[PDB]
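Note: the block below is my_file-v6.txt and it holds compact mmCIF, N, CA, C and O atoms.
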# COMPACT_ATOMS: atom_id res chain seq x y z
N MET F 1 -12.97 -14.69 18.10
CA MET F 1 -11.64 -14.16 17.63
C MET F 1 -10.54 -14.67 18.53
O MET F 1 -10.22 -15.86 18.57
N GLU F 2 -9.89 -13.74 19.28
CA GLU F 2 -8.86 -14.11 20.31
C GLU F 2 -7.50 -14.32 19.62
O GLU F 2 -6.54 -14.79 20.24
N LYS F 3 -7.44 -14.08 18.29
CA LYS F 3 -6.18 -14.05 17.51
C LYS F 3 -6.40 -13.55 16.08
O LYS F 3 -7.46 -13.68 15.48
N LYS F 4 -5.34 -12.88 15.54
CA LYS F 4 -5.38 -12.27 14.21
C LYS F 4 -4.20 -12.77 13.31
O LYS F 4 -3.47 -13.67 13.69
N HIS F 5 -4.17 -12.19 12.10
CA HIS F 5 -3.53 -12.78 10.91
C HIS F 5 -2.58 -11.72 10.25
O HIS F 5 -3.00 -10.90 9.46
N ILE F 6 -1.29 -11.83 10.62
CA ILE F 6 -0.14 -11.18 9.98
C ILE F 6 0.23 -11.91 8.67
O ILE F 6 0.88 -12.92 8.64
N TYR F 7 -0.27 -11.31 7.53
CA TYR F 7 -0.23 -11.82 6.18
C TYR F 7 0.84 -11.12 5.32
O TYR F 7 1.05 -9.93 5.38
N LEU F 8 1.54 -11.98 4.51
CA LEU F 8 2.76 -11.64 3.75
C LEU F 8 2.60 -12.07 2.30
O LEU F 8 2.17 -13.20 2.02
N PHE F 9 2.90 -11.16 1.35
CA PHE F 9 2.63 -11.26 -0.11
C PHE F 9 3.91 -11.08 -0.88
O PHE F 9 4.52 -10.01 -0.80
N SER F 10 4.56 -12.13 -1.45
CA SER F 10 5.95 -12.36 -1.65
C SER F 10 6.64 -11.67 -2.81
O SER F 10 6.11 -11.63 -3.96
N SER F 11 7.82 -11.10 -2.59
CA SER F 11 8.63 -10.28 -3.48
C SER F 11 9.36 -11.12 -4.55
O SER F 11 9.22 -10.92 -5.76
N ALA F 12 10.13 -12.12 -4.04
CA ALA F 12 10.84 -13.15 -4.81
C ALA F 12 10.38 -14.57 -4.48
O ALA F 12 10.60 -15.49 -5.26
N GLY F 13 9.77 -14.76 -3.28
CA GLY F 13 9.56 -16.06 -2.65
C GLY F 13 10.08 -16.20 -1.23
O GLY F 13 9.34 -16.08 -0.21
N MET F 14 11.38 -16.54 -1.08
CA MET F 14 12.01 -17.06 0.14
C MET F 14 13.02 -16.04 0.73
O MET F 14 14.15 -16.30 1.05
N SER F 15 12.48 -14.78 0.85
CA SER F 15 12.95 -13.77 1.82
C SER F 15 11.82 -13.37 2.81
O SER F 15 11.89 -12.37 3.52
N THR F 16 10.77 -14.27 2.85
CA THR F 16 9.48 -14.13 3.53
C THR F 16 9.06 -15.41 4.25
O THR F 16 8.82 -15.43 5.46
N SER F 17 8.93 -16.50 3.48
CA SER F 17 8.30 -17.79 3.86
C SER F 17 8.84 -18.32 5.19
O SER F 17 8.10 -18.90 6.00
N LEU F 18 10.14 -18.07 5.46
CA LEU F 18 10.88 -18.42 6.69
C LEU F 18 10.89 -17.24 7.66
O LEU F 18 11.23 -17.41 8.85
N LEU F 19 10.56 -16.01 7.19
CA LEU F 19 10.46 -14.74 7.95
C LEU F 19 9.08 -14.69 8.66
O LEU F 19 8.96 -14.02 9.71
N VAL F 20 8.05 -15.27 8.06
CA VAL F 20 6.76 -15.62 8.68
C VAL F 20 6.96 -16.75 9.71
O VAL F 20 6.43 -16.71 10.82
N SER F 21 7.66 -17.82 9.27
CA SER F 21 7.97 -19.02 10.08
C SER F 21 8.99 -18.78 11.16
O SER F 21 9.24 -19.63 12.06
N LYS F 22 9.57 -17.53 11.16
CA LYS F 22 10.37 -17.08 12.35
C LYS F 22 9.50 -16.10 13.18
O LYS F 22 9.37 -16.18 14.38
N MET F 23 8.99 -15.11 12.42
CA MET F 23 7.90 -14.18 12.93
C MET F 23 6.89 -15.00 13.75
O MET F 23 6.26 -14.54 14.68
N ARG F 24 6.72 -16.27 13.26
CA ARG F 24 6.01 -17.35 13.97
C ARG F 24 6.73 -17.79 15.24
O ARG F 24 6.14 -17.87 16.32
N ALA F 25 8.02 -18.19 15.09
CA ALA F 25 8.98 -18.33 16.20
C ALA F 25 8.67 -17.32 17.34
O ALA F 25 8.20 -17.67 18.39
N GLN F 26 8.99 -16.04 17.05
CA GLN F 26 8.45 -14.82 17.79
C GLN F 26 7.16 -15.28 18.54
O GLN F 26 7.17 -15.46 19.76
N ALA F 27 6.05 -15.35 17.81
CA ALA F 27 4.66 -15.36 18.30
C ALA F 27 4.42 -16.39 19.42
O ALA F 27 3.59 -16.19 20.30
N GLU F 28 5.17 -17.51 19.34
CA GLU F 28 5.03 -18.69 20.21
C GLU F 28 6.26 -18.96 21.03
O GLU F 28 6.28 -19.70 22.05
N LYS F 29 7.43 -18.39 20.64
CA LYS F 29 8.55 -17.96 21.54
C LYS F 29 8.10 -16.83 22.52
O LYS F 29 8.74 -16.46 23.47
N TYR F 30 6.88 -16.30 22.17
CA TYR F 30 5.99 -15.50 23.10
C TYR F 30 4.62 -16.19 23.15
O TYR F 30 4.51 -17.43 23.25
N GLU F 31 3.55 -15.37 23.10
CA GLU F 31 2.15 -15.82 22.99
C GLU F 31 1.35 -14.93 22.03
O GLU F 31 0.13 -15.14 21.87
N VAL F 32 2.01 -13.93 21.42
CA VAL F 32 1.40 -12.91 20.52
C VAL F 32 0.26 -13.58 19.72
O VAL F 32 0.45 -14.57 18.99
N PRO F 33 -0.99 -13.11 19.91
CA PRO F 33 -2.23 -13.70 19.33
C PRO F 33 -2.55 -13.38 17.86
O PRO F 33 -3.53 -12.74 17.50
N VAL F 34 -1.74 -14.08 17.00
CA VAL F 34 -1.68 -13.83 15.56
C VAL F 34 -1.02 -15.02 14.84
O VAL F 34 0.07 -15.50 15.18
N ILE F 35 -1.75 -15.55 13.85
CA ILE F 35 -1.22 -16.30 12.67
C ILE F 35 -0.51 -15.35 11.70
O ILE F 35 -1.09 -14.33 11.26
N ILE F 36 0.73 -15.66 11.36
CA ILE F 36 1.52 -15.18 10.19
C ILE F 36 1.44 -16.20 9.03
O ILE F 36 2.02 -17.29 9.10
N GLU F 37 0.72 -15.83 7.95
CA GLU F 37 0.77 -16.47 6.62
C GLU F 37 1.41 -15.54 5.56
O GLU F 37 1.34 -14.31 5.70
N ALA F 38 2.12 -16.13 4.58
CA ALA F 38 2.69 -15.43 3.40
C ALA F 38 2.33 -16.22 2.11
O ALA F 38 2.47 -17.44 2.06
N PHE F 39 1.85 -15.48 1.09
CA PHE F 39 1.32 -16.01 -0.19
C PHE F 39 2.10 -15.52 -1.36
O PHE F 39 3.17 -14.89 -1.17
N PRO F 40 1.74 -15.88 -2.61
CA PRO F 40 2.26 -15.35 -3.87
C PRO F 40 1.67 -14.14 -4.57
O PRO F 40 1.43 -14.03 -5.78
N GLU F 41 1.58 -13.07 -3.73
CA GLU F 41 0.77 -11.90 -3.89
C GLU F 41 -0.52 -12.08 -4.71
O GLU F 41 -1.01 -11.10 -5.26
N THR F 42 -0.99 -13.35 -4.85
CA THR F 42 -2.14 -13.80 -5.67
C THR F 42 -3.46 -13.80 -4.85
O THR F 42 -4.55 -13.74 -5.38
N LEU F 43 -3.31 -13.91 -3.51
CA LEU F 43 -4.33 -14.22 -2.50
C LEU F 43 -4.76 -12.88 -1.84
O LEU F 43 -5.86 -12.75 -1.31
N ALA F 44 -3.81 -11.90 -1.82
CA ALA F 44 -3.77 -10.78 -0.87
C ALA F 44 -5.10 -9.99 -0.92
O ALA F 44 -5.56 -9.42 0.05
N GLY F 45 -5.67 -9.92 -2.17
CA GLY F 45 -7.06 -9.49 -2.38
C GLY F 45 -8.01 -10.16 -1.36
O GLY F 45 -8.64 -9.45 -0.56
N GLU F 46 -8.07 -11.50 -1.38
CA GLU F 46 -8.93 -12.34 -0.58
C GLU F 46 -8.33 -12.57 0.85
O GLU F 46 -9.05 -12.48 1.83
N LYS F 47 -7.05 -12.95 0.86
CA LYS F 47 -6.32 -13.26 2.14
C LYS F 47 -6.08 -11.95 2.94
O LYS F 47 -6.35 -11.87 4.12
N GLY F 48 -5.55 -10.95 2.21
CA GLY F 48 -5.52 -9.51 2.66
C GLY F 48 -6.74 -9.20 3.52
O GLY F 48 -6.59 -8.87 4.72
N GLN F 49 -7.97 -9.30 2.92
CA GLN F 49 -9.24 -9.37 3.66
C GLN F 49 -9.11 -10.12 4.99
O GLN F 49 -9.32 -9.54 6.07
N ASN F 50 -8.82 -11.44 4.89
CA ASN F 50 -8.95 -12.40 6.00
C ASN F 50 -7.87 -12.11 7.07
O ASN F 50 -7.93 -12.62 8.21
N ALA F 51 -6.85 -11.34 6.66
CA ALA F 51 -5.83 -10.74 7.55
C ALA F 51 -6.41 -9.57 8.34
O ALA F 51 -7.52 -9.06 8.05
N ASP F 52 -5.72 -9.18 9.44
CA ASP F 52 -5.91 -8.00 10.27
C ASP F 52 -4.79 -6.96 10.09
O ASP F 52 -4.96 -5.77 10.36
N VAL F 53 -3.57 -7.46 9.76
CA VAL F 53 -2.47 -6.67 9.15
C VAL F 53 -1.78 -7.45 8.03
O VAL F 53 -1.64 -8.67 8.04
N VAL F 54 -1.37 -6.69 6.94
CA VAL F 54 -0.87 -7.20 5.68
C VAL F 54 0.57 -6.76 5.42
O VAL F 54 1.07 -5.78 5.94
N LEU F 55 1.34 -7.59 4.63
CA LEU F 55 2.61 -7.36 4.04
C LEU F 55 2.77 -7.89 2.60
O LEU F 55 2.11 -8.83 2.19
N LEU F 56 3.66 -7.22 1.82
CA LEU F 56 3.96 -7.48 0.41
C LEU F 56 5.48 -7.26 0.19
O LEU F 56 6.09 -6.42 0.85
N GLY F 57 6.09 -8.06 -0.72
CA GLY F 57 7.47 -8.00 -1.16
C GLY F 57 7.96 -6.60 -1.56
O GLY F 57 7.27 -5.89 -2.30
N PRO F 58 9.09 -6.19 -0.98
CA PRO F 58 9.89 -5.02 -1.38
C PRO F 58 10.00 -4.69 -2.90
O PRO F 58 9.81 -3.59 -3.38
N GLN F 59 10.13 -5.84 -3.64
CA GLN F 59 10.50 -5.91 -5.05
C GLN F 59 9.30 -6.02 -6.00
O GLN F 59 9.39 -5.73 -7.20
N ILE F 60 8.14 -6.49 -5.46
CA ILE F 60 6.79 -6.45 -6.12
C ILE F 60 5.99 -5.29 -5.51
O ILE F 60 4.79 -5.18 -5.72
N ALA F 61 6.69 -4.47 -4.70
CA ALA F 61 6.20 -3.17 -4.18
C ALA F 61 5.09 -2.57 -5.04
O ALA F 61 4.09 -2.05 -4.49
N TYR F 62 5.26 -2.61 -6.38
CA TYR F 62 4.41 -1.93 -7.39
C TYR F 62 2.94 -2.17 -7.14
O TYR F 62 2.04 -1.35 -7.52
N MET F 63 2.60 -3.31 -6.51
CA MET F 63 1.25 -3.89 -6.43
C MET F 63 0.41 -3.19 -5.34
O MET F 63 -0.79 -3.40 -5.27
N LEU F 64 1.09 -2.41 -4.49
CA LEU F 64 0.58 -1.84 -3.21
C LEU F 64 -0.53 -0.83 -3.51
O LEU F 64 -1.50 -0.76 -2.75
N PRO F 65 -0.40 -0.06 -4.60
CA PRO F 65 -1.44 0.86 -5.13
C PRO F 65 -2.77 0.15 -5.58
O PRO F 65 -3.85 0.51 -5.16
N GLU F 66 -2.53 -0.98 -6.25
CA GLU F 66 -3.48 -2.07 -6.47
C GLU F 66 -4.03 -2.61 -5.10
O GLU F 66 -5.21 -2.49 -4.82
N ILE F 67 -3.12 -3.26 -4.36
CA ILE F 67 -3.39 -3.96 -3.05
C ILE F 67 -4.33 -3.05 -2.21
O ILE F 67 -5.14 -3.51 -1.41
N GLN F 68 -4.13 -1.72 -2.38
CA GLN F 68 -4.76 -0.65 -1.60
C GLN F 68 -6.14 -0.24 -2.12
O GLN F 68 -6.89 0.47 -1.43
N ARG F 69 -6.44 -0.60 -3.38
CA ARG F 69 -7.83 -0.60 -3.93
C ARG F 69 -8.63 -1.77 -3.32
O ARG F 69 -9.55 -1.59 -2.56
N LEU F 70 -8.21 -3.01 -3.77
CA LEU F 70 -8.62 -4.31 -3.18
C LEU F 70 -8.94 -4.13 -1.70
O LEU F 70 -9.93 -4.69 -1.21
N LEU F 71 -8.08 -3.40 -0.94
CA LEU F 71 -8.25 -2.98 0.46
C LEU F 71 -7.71 -1.54 0.60
O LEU F 71 -6.51 -1.31 0.69
N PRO F 72 -8.64 -0.53 0.54
CA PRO F 72 -8.39 0.89 0.83
C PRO F 72 -8.63 1.46 2.25
O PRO F 72 -9.12 2.55 2.45
N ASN F 73 -8.07 0.66 3.22
CA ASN F 73 -8.28 0.87 4.67
C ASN F 73 -7.19 0.14 5.47
O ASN F 73 -6.49 0.73 6.30
N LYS F 74 -7.10 -1.19 5.24
CA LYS F 74 -6.24 -2.10 6.02
C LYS F 74 -4.85 -1.53 6.32
O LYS F 74 -4.34 -0.60 5.68
N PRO F 75 -4.23 -2.09 7.38
CA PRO F 75 -2.78 -1.92 7.71
C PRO F 75 -1.74 -2.79 6.99
O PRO F 75 -0.75 -3.28 7.56
N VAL F 76 -1.90 -2.79 5.64
CA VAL F 76 -0.95 -3.29 4.66
C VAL F 76 0.40 -2.55 4.80
O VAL F 76 0.49 -1.40 5.22
N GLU F 77 1.49 -3.30 4.51
CA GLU F 77 2.85 -2.76 4.44
C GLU F 77 3.81 -3.75 3.71
O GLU F 77 3.97 -4.87 4.15
N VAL F 78 4.33 -3.32 2.53
CA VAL F 78 5.47 -3.94 1.85
C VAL F 78 6.72 -3.84 2.79
O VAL F 78 6.86 -2.90 3.57
N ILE F 79 7.56 -4.88 2.73
CA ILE F 79 8.67 -5.21 3.66
C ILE F 79 9.83 -4.23 3.41
O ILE F 79 9.69 -3.27 2.65
N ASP F 80 10.95 -4.49 4.04
CA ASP F 80 12.35 -4.18 3.63
C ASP F 80 12.98 -5.53 3.08
O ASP F 80 12.41 -6.57 3.27
N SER F 81 14.02 -5.31 2.27
CA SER F 81 14.47 -6.31 1.23
C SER F 81 15.69 -7.09 1.75
O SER F 81 16.06 -8.16 1.23
N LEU F 82 16.31 -6.52 2.82
CA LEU F 82 17.43 -7.12 3.61
C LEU F 82 17.00 -7.66 4.93
O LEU F 82 17.55 -8.72 5.41
N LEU F 83 15.99 -7.05 5.62
CA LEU F 83 15.20 -7.65 6.72
C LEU F 83 14.45 -8.89 6.11
O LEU F 83 14.39 -9.92 6.72
N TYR F 84 13.87 -8.63 4.88
CA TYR F 84 13.30 -9.69 4.00
C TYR F 84 14.24 -10.86 3.85
O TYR F 84 14.10 -11.90 4.54
N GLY F 85 15.21 -10.77 2.93
CA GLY F 85 16.14 -11.84 2.53
C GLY F 85 17.26 -12.05 3.57
O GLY F 85 18.30 -12.70 3.28
N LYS F 86 17.02 -11.51 4.77
CA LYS F 86 17.68 -11.99 6.02
C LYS F 86 16.67 -12.54 7.01
O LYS F 86 17.01 -12.86 8.18
N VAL F 87 15.38 -12.59 6.59
CA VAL F 87 14.34 -13.43 7.21
C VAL F 87 14.30 -13.19 8.74
O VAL F 87 14.54 -14.10 9.54
N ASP F 88 14.07 -11.95 9.13
CA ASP F 88 14.13 -11.36 10.49
C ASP F 88 12.73 -11.18 11.09
O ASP F 88 12.22 -10.06 11.20
N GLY F 89 12.06 -12.35 11.33
CA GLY F 89 10.69 -12.40 11.90
C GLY F 89 10.66 -12.16 13.41
O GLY F 89 10.13 -12.94 14.19
N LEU F 90 11.33 -11.03 13.81
CA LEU F 90 11.40 -10.46 15.13
C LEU F 90 11.43 -8.93 15.05
O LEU F 90 10.92 -8.23 15.89
N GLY F 91 12.13 -8.38 13.99
CA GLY F 91 11.83 -7.04 13.43
C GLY F 91 10.50 -6.99 12.67
O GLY F 91 9.93 -5.89 12.46
N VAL F 92 10.01 -8.15 12.17
CA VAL F 92 8.81 -8.32 11.38
C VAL F 92 7.54 -8.52 12.19
O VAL F 92 6.40 -8.32 11.75
N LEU F 93 7.70 -8.99 13.47
CA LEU F 93 6.74 -8.87 14.54
C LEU F 93 6.61 -7.42 15.01
O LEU F 93 5.49 -6.90 15.06
N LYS F 94 7.73 -6.78 15.41
CA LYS F 94 7.73 -5.32 15.74
C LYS F 94 7.11 -4.51 14.57
O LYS F 94 6.24 -3.67 14.79
N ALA F 95 7.64 -4.74 13.36
CA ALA F 95 7.46 -3.91 12.17
C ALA F 95 6.02 -4.01 11.64
O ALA F 95 5.50 -3.06 11.03
N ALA F 96 5.40 -5.20 11.82
CA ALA F 96 3.94 -5.38 11.75
C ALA F 96 3.21 -4.33 12.64
O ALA F 96 2.50 -3.48 12.13
N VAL F 97 3.36 -4.51 13.97
CA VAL F 97 2.83 -3.60 14.99
C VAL F 97 2.86 -2.14 14.45
O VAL F 97 1.91 -1.39 14.53
N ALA F 98 4.08 -1.75 14.00
CA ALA F 98 4.35 -0.36 13.50
C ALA F 98 3.33 0.02 12.42
O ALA F 98 2.90 1.17 12.30
N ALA F 99 3.00 -0.97 11.56
CA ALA F 99 2.00 -0.86 10.50
C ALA F 99 0.62 -0.44 11.02
O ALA F 99 0.01 0.50 10.55
N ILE F 100 0.14 -1.20 12.02
CA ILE F 100 -1.24 -1.17 12.59
C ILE F 100 -1.41 0.10 13.44
O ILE F 100 -2.51 0.41 13.91
N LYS F 101 -0.30 0.82 13.67
CA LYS F 101 -0.27 2.16 14.29
C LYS F 101 -0.11 3.30 13.25
O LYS F 101 -0.51 4.42 13.52
N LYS F 102 0.54 2.96 12.13
CA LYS F 102 0.53 3.79 10.91
C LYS F 102 -0.79 3.65 10.10
O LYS F 102 -0.95 4.22 9.04
N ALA F 103 -1.71 2.85 10.68
CA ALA F 103 -3.14 2.81 10.30
C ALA F 103 -3.82 4.18 10.49
O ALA F 103 -4.25 4.80 9.51
N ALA F 104 -3.96 4.61 11.76
CA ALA F 104 -4.76 5.77 12.19
C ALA F 104 -4.21 7.09 11.60
O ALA F 104 -3.06 7.17 11.20
N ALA F 105 -5.13 8.08 11.49
CA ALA F 105 -4.89 9.41 10.91
C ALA F 105 -6.21 10.01 10.38
O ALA F 105 -6.45 10.04 9.17
N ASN F 106 -7.08 10.40 11.33
CA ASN F 106 -8.29 11.24 11.08
C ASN F 106 -9.28 10.44 10.21
O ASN F 106 -8.86 9.42 9.58
Go through the file and emit its structure as structure tokens.
Amino acid sequence: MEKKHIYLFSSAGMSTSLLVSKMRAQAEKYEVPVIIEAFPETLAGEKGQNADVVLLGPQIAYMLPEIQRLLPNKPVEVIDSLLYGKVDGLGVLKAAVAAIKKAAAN
């Protein structure tokens, strides 16, 4: 192991793709041990799996009840839509973390 996978499942497209690629900035502007990938919410079933923490578009939000069957455990989290389409992969590094702590609960 020695690194994990911050995965993103897209609302419109390009309020994410560069937010991963900045969130990436983050990771190697540090050393944070995680790949950030973002898909066309088509993969998240399979990629969701291959991830350690997950994300999905604000606007395709609807899929999360689904996404949560496919994976009824993981630290999945649909984005915010202005952090999204302002492509803030430094709140999205923090906001990931927040997810994987909103994991636990008995």
List as a PDB file with N, CA, C and O atoms, keeping the file's coordinate frame the protein and nucleic acid residues near residue 78 of chain F, meaning an atom at most 10 Å away when only C-alpha atoms are counted, but skip any in the same chain fewer than 3 places from it.
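Writing the result to part_2.pdb gives the following:
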ATOM      1  N   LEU F   8       1.540 -11.980   4.510  1.00  0.00           N
ATOM      2  CA  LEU F   8       2.760 -11.640   3.750  1.00  0.00           C
ATOM      3  C   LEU F   8       2.600 -12.070   2.300  1.00  0.00           C
ATOM      4  O   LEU F   8       2.170 -13.200   2.020  1.00  0.00           O
ATOM      5  N   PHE F   9       2.900 -11.160   1.350  1.00  0.00           N
ATOM      6  CA  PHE F   9       2.630 -11.260  -0.110  1.00  0.00           C
ATOM      7  C   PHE F   9       3.910 -11.080  -0.880  1.00  0.00           C
ATOM      8  O   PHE F   9       4.520 -10.010  -0.800  1.00  0.00           O
ATOM      9  N   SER F  10       4.560 -12.130  -1.450  1.00  0.00           N
ATOM     10  CA  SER F  10       5.950 -12.360  -1.650  1.00  0.00           C
ATOM     11  C   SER F  10       6.640 -11.670  -2.810  1.00  0.00           C
ATOM     12  O   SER F  10       6.110 -11.630  -3.960  1.00  0.00           O
ATOM     13  N   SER F  11       7.820 -11.100  -2.590  1.00  0.00           N
ATOM     14  CA  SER F  11       8.630 -10.280  -3.480  1.00  0.00           C
ATOM     15  C   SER F  11       9.360 -11.120  -4.550  1.00  0.00           C
ATOM     16  O   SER F  11       9.220 -10.920  -5.760  1.00  0.00           O
ATOM     17  N   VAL F  54      -1.370  -6.690   6.940  1.00  0.00           N
ATOM     18  CA  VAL F  54      -0.870  -7.200   5.680  1.00  0.00           C
ATOM     19  C   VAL F  54       0.570  -6.760   5.420  1.00  0.00           C
ATOM     20  O   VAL F  54       1.070  -5.780   5.940  1.00  0.00           O
ATOM     21  N   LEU F  55       1.340  -7.590   4.630  1.00  0.00           N
ATOM     22  CA  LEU F  55       2.610  -7.360   4.040  1.00  0.00           C
ATOM     23  C   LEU F  55       2.770  -7.890   2.600  1.00  0.00           C
ATOM     24  O   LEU F  55       2.110  -8.830   2.190  1.00  0.00           O
ATOM     25  N   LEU F  56       3.660  -7.220   1.820  1.00  0.00           N
ATOM     26  CA  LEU F  56       3.960  -7.480   0.410  1.00  0.00           C
ATOM     27  C   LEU F  56       5.480  -7.260   0.190  1.00  0.00           C
ATOM     28  O   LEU F  56       6.090  -6.420   0.850  1.00  0.00           O
ATOM     29  N   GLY F  57       6.090  -8.060  -0.720  1.00  0.00           N
ATOM     30  CA  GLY F  57       7.470  -8.000  -1.160  1.00  0.00           C
ATOM     31  C   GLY F  57       7.960  -6.600  -1.560  1.00  0.00           C
ATOM     32  O   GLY F  57       7.270  -5.890  -2.300  1.00  0.00           O
ATOM     33  N   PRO F  58       9.090  -6.190  -0.980  1.00  0.00           N
ATOM     34  CA  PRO F  58       9.890  -5.020  -1.380  1.00  0.00           C
ATOM     35  C   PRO F  58      10.000  -4.690  -2.900  1.00  0.00           C
ATOM     36  O   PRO F  58       9.810  -3.590  -3.380  1.00  0.00           O
ATOM     37  N   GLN F  59      10.130  -5.840  -3.640  1.00  0.00           N
ATOM     38  CA  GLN F  59      10.500  -5.910  -5.050  1.00  0.00           C
ATOM     39  C   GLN F  59       9.300  -6.020  -6.000  1.00  0.00           C
ATOM     40  O   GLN F  59       9.390  -5.730  -7.200  1.00  0.00           O
ATOM     41  N   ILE F  60       8.140  -6.490  -5.460  1.00  0.00           N
ATOM     42  CA  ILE F  60       6.790  -6.450  -6.120  1.00  0.00           C
ATOM     43  C   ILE F  60       5.990  -5.290  -5.510  1.00  0.00           C
ATOM     44  O   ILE F  60       4.790  -5.180  -5.720  1.00  0.00           O
ATOM     45  N   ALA F  61       6.690  -4.470  -4.700  1.00  0.00           N
ATOM     46  CA  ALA F  61       6.200  -3.170  -4.180  1.00  0.00           C
ATOM     47  C   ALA F  61       5.090  -2.570  -5.040  1.00  0.00           C
ATOM     48  O   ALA F  61       4.090  -2.050  -4.490  1.00  0.00           O
ATOM     49  N   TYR F  62       5.260  -2.610  -6.380  1.00  0.00           N
ATOM     50  CA  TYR F  62       4.410  -1.930  -7.390  1.00  0.00           C
ATOM     51  C   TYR F  62       2.940  -2.170  -7.140  1.00  0.00           C
ATOM     52  O   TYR F  62       2.040  -1.350  -7.520  1.00  0.00           O
ATOM     53  N   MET F  63       2.600  -3.310  -6.510  1.00  0.00           N
ATOM     54  CA  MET F  63       1.250  -3.890  -6.430  1.00  0.00           C
ATOM     55  C   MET F  63       0.410  -3.190  -5.340  1.00  0.00           C
ATOM     56  O   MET F  63      -0.790  -3.400  -5.270  1.00  0.00           O
ATOM     57  N   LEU F  64       1.090  -2.410  -4.490  1.00  0.00           N
ATOM     58  CA  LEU F  64       0.580  -1.840  -3.210  1.00  0.00           C
ATOM     59  C   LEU F  64      -0.530  -0.830  -3.510  1.00  0.00           C
ATOM     60  O   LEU F  64      -1.500  -0.760  -2.750  1.00  0.00           O
ATOM     61  N   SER F  81      14.020  -5.310   2.270  1.00  0.00           N
ATOM     62  CA  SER F  81      14.470  -6.310   1.230  1.00  0.00           C
ATOM     63  C   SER F  81      15.690  -7.090   1.750  1.00  0.00           C
ATOM     64  O   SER F  81      16.060  -8.160   1.230  1.00  0.00           O
ATOM     65  N   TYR F  84      13.870  -8.630   4.880  1.00  0.00           N
ATOM     66  CA  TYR F  84      13.300  -9.690   4.000  1.00  0.00           C
ATOM     67  C   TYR F  84      14.240 -10.860   3.850  1.00  0.00           C
ATOM     68  O   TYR F  84      14.100 -11.900   4.540  1.00  0.00           O
ATOM     69  N   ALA F  99       3.000  -0.970  11.560  1.00  0.00           N
ATOM     70  CA  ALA F  99       2.000  -0.860  10.500  1.00  0.00           C
ATOM     71  C   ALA F  99       0.620  -0.440  11.020  1.00  0.00           C
ATOM     72  O   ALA F  99       0.010   0.500  10.550  1.00  0.00           O
TER      73      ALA F  99
END
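One distance worth recording is that between atom CA of residue 23 of chain F and atom CA of residue 48 of chain F, which is 17.5 Å.
For the pair atom CA of residue 12 of chain F and atom CA of residue 33 of chain F, the separation is 27.5 Å.
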DSSP strand (DSSP E) residues within chain F, listed as a ChimeraX atom specification: /F:4-9,34-39,53-56
Restricting it to N, CA, C and O atoms, dump the selection as a compact mmCIF listing (two decimals), in the frame of the given file.
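Result file follows (out38.txt):
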# COMPACT_ATOMS: atom_id res chain seq x y z
N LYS F 4 -5.34 -12.88 15.54
CA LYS F 4 -5.38 -12.27 14.21
C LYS F 4 -4.20 -12.77 13.31
O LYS F 4 -3.47 -13.67 13.69
N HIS F 5 -4.17 -12.19 12.10
CA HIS F 5 -3.53 -12.78 10.91
C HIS F 5 -2.58 -11.72 10.25
O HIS F 5 -3.00 -10.90 9.46
N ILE F 6 -1.29 -11.83 10.62
CA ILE F 6 -0.14 -11.18 9.98
C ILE F 6 0.23 -11.91 8.67
O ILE F 6 0.88 -12.92 8.64
N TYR F 7 -0.27 -11.31 7.53
CA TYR F 7 -0.23 -11.82 6.18
C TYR F 7 0.84 -11.12 5.32
O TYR F 7 1.05 -9.93 5.38
N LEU F 8 1.54 -11.98 4.51
CA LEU F 8 2.76 -11.64 3.75
C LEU F 8 2.60 -12.07 2.30
O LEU F 8 2.17 -13.20 2.02
N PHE F 9 2.90 -11.16 1.35
CA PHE F 9 2.63 -11.26 -0.11
C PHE F 9 3.91 -11.08 -0.88
O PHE F 9 4.52 -10.01 -0.80
N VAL F 34 -1.74 -14.08 17.00
CA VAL F 34 -1.68 -13.83 15.56
C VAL F 34 -1.02 -15.02 14.84
O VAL F 34 0.07 -15.50 15.18
N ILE F 35 -1.75 -15.55 13.85
CA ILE F 35 -1.22 -16.30 12.67
C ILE F 35 -0.51 -15.35 11.70
O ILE F 35 -1.09 -14.33 11.26
N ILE F 36 0.73 -15.66 11.36
CA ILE F 36 1.52 -15.18 10.19
C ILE F 36 1.44 -16.20 9.03
O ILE F 36 2.02 -17.29 9.10
N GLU F 37 0.72 -15.83 7.95
CA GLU F 37 0.77 -16.47 6.62
C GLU F 37 1.41 -15.54 5.56
O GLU F 37 1.34 -14.31 5.70
N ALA F 38 2.12 -16.13 4.58
CA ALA F 38 2.69 -15.43 3.40
C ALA F 38 2.33 -16.22 2.11
O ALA F 38 2.47 -17.44 2.06
N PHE F 39 1.85 -15.48 1.09
CA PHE F 39 1.32 -16.01 -0.19
C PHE F 39 2.10 -15.52 -1.36
O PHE F 39 3.17 -14.89 -1.17
N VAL F 53 -3.57 -7.46 9.76
CA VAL F 53 -2.47 -6.67 9.15
C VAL F 53 -1.78 -7.45 8.03
O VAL F 53 -1.64 -8.67 8.04
N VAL F 54 -1.37 -6.69 6.94
CA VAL F 54 -0.87 -7.20 5.68
C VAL F 54 0.57 -6.76 5.42
O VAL F 54 1.07 -5.78 5.94
N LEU F 55 1.34 -7.59 4.63
CA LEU F 55 2.61 -7.36 4.04
C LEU F 55 2.77 -7.89 2.60
O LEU F 55 2.11 -8.83 2.19
N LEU F 56 3.66 -7.22 1.82
CA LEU F 56 3.96 -7.48 0.41
C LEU F 56 5.48 -7.26 0.19
O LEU F 56 6.09 -6.42 0.85
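With all atoms listed in the file taken into account, every residue lying no more than 7 Å from the file point (1.9, -13.1, 14.7) is included here: residues 4, 5, 6, 20, 23, 24, 26, 27, 32, 33, 34, 35, 36 and 93 of chain F.
Minimum atom-to-atom distance to residue 14 of chain F, evaluated using only N, CA, C and O atoms, belongs to F:85 out of F:72, F:85, F:65, F:45.
Of note, atom CA of residue 90 of chain F and atom CA of residue 38 of chain F are spaced 15.4 Å apart.
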Best match for closeness to residue 37 of chain F among F:98, F:66, F:7, F:86, counting only N, CA, C and O atoms: F:7
All alpha helix (DSSP H) residues (DSSP, backbone) inside chain F, as an MDAnalysis selection string: chainID F and resid 17:29 46:50 64:70 81:84 91:101
